[PDB]
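Have a look at the structure below, then the notes.
Reckoned from all heavy atoms, side chains included, excluding hydrogens, waters and symmetry mates. We count residues from 1, following the sequence as given. Counting starts at 1 for both ligands and their atoms, in listed order.
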Amino acid sequence: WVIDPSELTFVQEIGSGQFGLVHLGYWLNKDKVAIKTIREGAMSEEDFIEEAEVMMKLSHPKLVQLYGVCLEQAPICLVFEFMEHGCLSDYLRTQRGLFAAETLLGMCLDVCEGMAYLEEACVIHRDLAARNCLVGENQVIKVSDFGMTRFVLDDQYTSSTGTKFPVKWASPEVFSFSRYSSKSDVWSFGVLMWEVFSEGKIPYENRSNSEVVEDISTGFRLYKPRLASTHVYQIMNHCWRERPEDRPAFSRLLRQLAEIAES
Ligand SMILES: *CCC(=O)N1CCC[C@H](n2nc(-c3cccc(C(=O)Nc4ccc(C(C)C)cc4)c3)c3c(N)ncnc32)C1
């Protein structure tokens, strides 16, 4: 699982943000890869290195694969399966108007398949959103970044009261207590379905973190996107039940969404 730096070539930068840079590159005797270089102080590298072997052994066609870690020199690098069409959020936004409702449901089905595998494996994603789903060949969607917020060091992103906390995808028990579970991932999956069927609109656009907490706690829920059928919006609302016990598991969601798609 440890990749020697001499086994990697960096060709072109494809993305950058808070936490680091992503390059298109090549991994010796293997394939084209996406390489993430980590900025110093952005992650607990030691905690990640402890968990890396387990994360790499997780394998499913609907999960973006971690191929290994280049840790011999600072900054460290993480090597991933290259996803030709980038993130789902931008893929939807840039191609708005070019999607059939069936295609959007099929994208949700792909994510649900990956999530049902994580649920069975007792892996909590913690931050499921269209921005971390990736698009491959033939519009296949894969889930990435499951469990990665465990390693983020900026308490403003990880604390439920942090100024950068991703509250838009958080269930009430997550924004209140950081009580993560596959059922809090189900809430996030409902928000992801809304992002997909709204063709990449930002959920609770213009609402502050405090406003999202108050609105959700008082029963507000995201409106029905134009492209979501009655049945699809009913499933979204089931993901947003206040009590995690009342939300469907991903095993149940996978069958429900497949039944809707198959007709
Ligand atoms: C919407 C996202 C975006 O703008 N794009 C375009 C630029 C390239 C981006 N991209 N990211 C990955 C990728 C997949 C899986 C994991 C990662 C990753 O870096 N995860 C991660 C690493 C460290 C941390 C710490 C700070 C804890 C958090 C998360 C990145 C791509 C792949 N595999 N292919 C293609 N483009 C990819 C998407």
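Counting all heavy atoms, side chain and backbone alike, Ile124 lies closest to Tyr180 at CD1-O, 3.6 Å.
A heavy-atom distance below 4.5 Å is not found between the side chains of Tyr91 and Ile141. Counting only heavy atoms from C-beta outward, the side chains of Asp47 and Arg150 never approach each other to under 4.5 Å. Under the 4.5 Å side-chain criterion, counting only non-hydrogen atoms from C-beta, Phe189 is not in contact with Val143.
In summary, the atoms of ligand 1 found under 4.0 Å from a heavy atom of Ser144, numbered by their order in the structure, are 15 (C). For ligand 1, the atoms closer than 4.0 angstrom to any heavy atom of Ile38 are 23 (C). When each atom of ligand 1 is checked for a heavy atom of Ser89 under 4.0 Å away, the hits are 1 (C). Interface of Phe19 with ligand 1, defined as ligand atoms under 4.0 Å from a residue heavy atom, comprises 26 (C). Taking every heavy atom of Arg131 and a limit of under 4.0 angstrom, the matching atoms of ligand 1 come to 1 (C), 2 (C).
The single protein non-hydrogen atom nearest to atom 17 (C) of ligand 1 is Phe80 CE1, 3.5 Å, given as residue, atom name and distance. Nearest protein heavy-atom neighbour of atom 33 (N) of ligand 1: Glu81 O, 2.8 Å. Ranking the protein heavy atoms by distance from atom 11 (N) of ligand 1 puts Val22 CG2, 4.1 Å first. Regarding atom 24 (C) of ligand 1, its nearest protein heavy-atom neighbour is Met148 CE, 3.8 Å. For atom 36 (N) of ligand 1, the nearest non-hydrogen atom of the protein is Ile14 CD1, 3.8 Å. In terms of protein heavy-atom proximity, atom 37 (C) of ligand 1 is nearest to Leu134 CD2, 3.7 Å. Shortest contact from atom 5 (N) of ligand 1 to any protein heavy atom: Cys87 SG, 3.8 Å. In this structure, the protein non-hydrogen atom closest to atom 16 (C) of ligand 1 is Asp145 OD1, 3.1 Å.
There is no path of hydrophobic side-chain contacts, each under 4.5 Å, that joins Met55 to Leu118. Residues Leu8 and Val69 do not share a hydrophobic cluster, defined by chaining ILVMFWY side chains whose heavy atoms lie under 4.5 Å apart.
Residue contacts with ligand 1, taken as heavy atom pairs separated by less than 4.0 Å, involve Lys36 solely via side-chain atoms from C-beta onward. Contacts with ligand 1 closer than 4.0 Å are made by side-chain heavy atoms of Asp90 only, the backbone lying farther away.
Distance check, rounded to the nearest 0.5 Å: NZ of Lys36 to NE2 of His23 gives 12.5 Å. Atoms CH2 and CH2, from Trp194 and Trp169 in turn, are 10.0 Å apart once rounded to the nearest 0.5 Å.
Under the 30°/60° scheme for interplanar angles, the aromatic rings of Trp240 and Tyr233 are found to stand perpendicular.
Within a 4.0 Å radius of atom 9 (C) of ligand 1, the protein contributes no heavy atom.
Between the side chain of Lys183 and the backbone N or O of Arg247, at least one donor-acceptor pair lies under 3.5 Å.
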